[PDB]
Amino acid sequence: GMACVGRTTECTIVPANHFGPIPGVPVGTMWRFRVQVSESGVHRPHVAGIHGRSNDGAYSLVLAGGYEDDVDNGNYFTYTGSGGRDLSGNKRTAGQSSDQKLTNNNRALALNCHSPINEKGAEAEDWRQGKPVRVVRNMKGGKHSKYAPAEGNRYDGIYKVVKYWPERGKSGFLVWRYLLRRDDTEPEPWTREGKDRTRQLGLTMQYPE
């Protein structure tokens, strides 16, 4: 029975709208379930792929399979916006049935790219100067990405939005697409250096209390 559980605690360490790493939660951290990832402060939303405010930016996101148009390339990846979906019947997921829009989190994520928001898409010159995004990789990502962890969720660090643009997805409907490049001072956790570090810090899968 994790399908309906809520949080026990919460991150206060830093606020809901903190951009960047949660201090002393290092790259390689593991959580069995999404609720634990919320409690860490690394990705507050329970279910949603993106955490963001549409007038400020996106703080984090999760690569979980979920969306056929995501492409995961490790040190970079193309992420899909949310929405364009009929969730009637109190559903949480479905295949695309309408065009996505530059609103809400899709818009939030756009704001992270170092370039004025633009309805047709934009790219950053100094991408590194755009706002940071904490990236979490989940195991359901592994049907198609070889970077996804075997089990649960993993903090892989800060990436940044190099570019964003709209185009039709596999479904035929418009999707918002986001190129993210890693900008983190610490090794990727699927790397030997990262695996040593994970071990060297005693990181282990965090299961529910």
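All residue numbers refer to positions in the sequence shown, first residue = 1. For the two forms, the rigid core is made up of the largest set of C-alpha atoms that agree within 1.5 Å on superposition.
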Relative to the presented form, and with the rigid core used for superposition, do the C-alpha atoms of 30-38 or of 140-148 deviate more in 8 other deposited structures of this protein? 140-148
Comparing 153-161 to 59-67 by root mean square Cα deviation from the shown form in 8 other deposited structures of this protein, core aligned, the larger deviation is found at 59-67
Check whether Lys91 goes without coordinates in at least a third of the other compared PDB entries of this protein that model residues on both sides of it. yes
The stretch whose C-alpha atoms carry the larger average B-factor in the entry, 198-206 or 2-10, is 2-10
Quick check on the record: does 119-127 or 84-92 carry the larger mean Cα temperature factor? 119-127
Hey, what third does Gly157 fall into on Cα B-factor, ranked over its chain? middle
Using the temperature factors of the C-alpha atoms in this entry, rank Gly169 within its chain: lowest, middle or highest third. lowest
Which third, lowest, middle or highest, does the C-alpha temperature factor of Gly28 belong to within its own chain? lowest
Quick check for you: using the entry's CA B-factors within this chain, is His51 in the lowest, middle or highest third? lowest
Quick tally, chain-level thirds of C-alpha B-factors: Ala64 sits in the highest
